[PDB]
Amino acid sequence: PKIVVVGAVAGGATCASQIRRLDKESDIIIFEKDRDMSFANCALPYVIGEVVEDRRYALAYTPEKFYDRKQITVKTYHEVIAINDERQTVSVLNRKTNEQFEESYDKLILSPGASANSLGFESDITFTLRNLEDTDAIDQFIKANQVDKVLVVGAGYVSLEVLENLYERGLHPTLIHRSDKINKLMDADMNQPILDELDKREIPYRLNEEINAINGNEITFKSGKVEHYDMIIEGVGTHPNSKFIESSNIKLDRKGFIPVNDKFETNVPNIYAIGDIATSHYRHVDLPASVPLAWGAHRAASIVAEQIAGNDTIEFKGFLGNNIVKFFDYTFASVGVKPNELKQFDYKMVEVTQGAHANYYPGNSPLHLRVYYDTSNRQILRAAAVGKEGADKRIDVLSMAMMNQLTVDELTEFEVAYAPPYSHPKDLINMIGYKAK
């Protein structure tokens, strides 16, 4: 079949690559509205912090390399502006010529993702971070203006990683957030170490704070405070790139996302949707789920590839919502339903705080593990872990447990790999099980 793909990054380029792996004869074309395909979204803050300095890490492919290795045609600076589903074409705008045209397809795959929100100030010193063009612009503004002092707005993983990286680059960031609900994928009371790490390094922050006015480098805040900053990075949420889809017969939800089935089909024949734009359901509970992260994009890419050119018995089973972020010395990880989704269940909570490993083994740090479960069937609903060591391991194990519909009580049976540098004879995970009794 002729295959058209919208977006050439996490979902799009992966899906197209996976299809080629299976089908060597279908013609495949990808339209990407911006300059680069296959950029490393998740590497971006580390590029800014000069942790990553080889561009070969920031960008996996050029369209030329992509064609030469995989025979996939990628048109950058081409923005799809409409989907004409009844005639099986998309309308595409060549941004270089400002000429538009129709491209036909047998199968269409939508992976446009999402864009960064902006606060909307008229400001030459304010930037968002979503792609490599953004990253290049920030790096350039920093150098050309000898930036020292940077204001970071927002407190999600993107803003937190940018802050840490700006600090390590040798700059002087300040963090503000409109409320005190930082890092909201994590249980609110488990985020204290973020503030501790800031304090330890004498990095200023103000919560319940906003930009009120901007005049050159003079920044006036809601609190009444006035300071001067050389630069601002806004990380104040995202929104779905689905405007171009609204005129079509494709069903969108009221927030602009695309509900899909377990084959990542939309309501329209021959049209699939994957990545941040797509919504689905949880694997372990009968609720809708939207998990705009890397894992879901890659997994859907593979499933769509099988559907089109491989084994169409292969279907999605739902999300668990596993997620993680590093902030300075600490790791923050969670899986399962979001904090706000718990109220839909009659649940209880159990928790343990314990050294990640043997106390007498040097380098210990306490690890807080919390697990929520359903009282009506003992099923695990959510888990969260925070500590300098061992949090990722604990959450991945609980992710596998939930995949298998394990009960909280069954966690006593988890046979951990134990030696002093790694865990305990009754691991934190085991202790969750004993304490639920």
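All residue numbers are counted from 1 along the displayed sequence.
As recorded in the PDB entry, 308 to 316 is the stretch of 308 to 316 and 107 to 115 with the greater mean C-alpha temperature factor. Remark: stretch with higher mean C-alpha B factor among 5 to 13 and 21 to 29 is 21 to 29. Of the candidates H368, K393, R382, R69, the PDB record gives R69 the highest C-alpha temperature factor.
Across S302, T331, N212, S334, the entry's maximum B-factor at the CA atom is seen for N212. Among the modelled residues of the chain, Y372 sits in the lowest third by CA temperature factor in this PDB entry. In the deposited entry, the Cα temperature factor of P45 places it in the middle third of its chain's modelled residues. The deposited CA B-factor of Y347 belongs to the highest third of values across its chain. Ranked against the other modelled residues of its chain, the C-alpha B-factor of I81 as given in the entry falls in the lowest third.
In the PDB entry, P339 places in the middle third of its chain by CA B-factor.
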